[PDB]
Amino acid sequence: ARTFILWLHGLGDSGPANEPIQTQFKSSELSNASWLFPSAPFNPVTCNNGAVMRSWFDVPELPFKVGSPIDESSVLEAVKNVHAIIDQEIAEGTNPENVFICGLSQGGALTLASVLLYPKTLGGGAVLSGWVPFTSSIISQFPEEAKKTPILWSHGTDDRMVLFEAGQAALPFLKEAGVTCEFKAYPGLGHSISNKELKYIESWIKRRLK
């Protein structure tokens, strides 16, 4: 069956820069999968004093701590673009439970928002070193089926760009929302992707495909 993996890059990065990630998923189950690595528009970014770069949504403050300010309206605009991608792939014949959304840092925050607001259950959302980009006021708007999408959250314990504490803060948020989240901490890892972290995501996607 057709598998679709949408990967969302982090702040200032691009889709093509991250496309080689797919070569790290060498299993026969995942080499069949269709990948998409979109690029965020060029936007001013508040944490960089308005400097323009590829950015999914405005980031008021980086490093991101528990309690850091967020721009909820801007995240919700970015979710619309992600949802258009997902809608198209499903309409073209892909089973929603074969759709996986992954992302790093800003892209992980967007992954979380996009999955939890999508009207259908998806295969899963993999957050790498992200943060929760809205407050608990949004939970009432999570569609019924979205709460059944599993989340795998990966975070380095030594991350000082998006504090590990901010990644841990997603867990009581997801529990309040009724969402199942596996949290995988990576000791000594900072704000980057490790191969062992990607290998675990692959195993998790394979298990979800069942």
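One-based numbering along the sequence shown.
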The stretch whose C-alpha atoms carry the larger average B-factor in the entry, 42-50 or 27-35, is 27-35
Read off the CA B-factors in the entry, average them over 155-163 and over 180-188, and name the higher stretch. 180-188
Pick out which of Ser74, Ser129, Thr135, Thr111 has the highest C-alpha B-factor in the PDB entry. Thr135
Highest Cα B-factor in the deposition, which of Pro150, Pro143, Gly67, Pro60? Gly67
For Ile21, the third of its chain by CA B-factor is the middle
What third of the chain does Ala91 rank in for C-alpha temperature factor, lowest, middle or highest? highest
How does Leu8 rank on Cα B-factor within its chain, lowest, middle or highest third? lowest
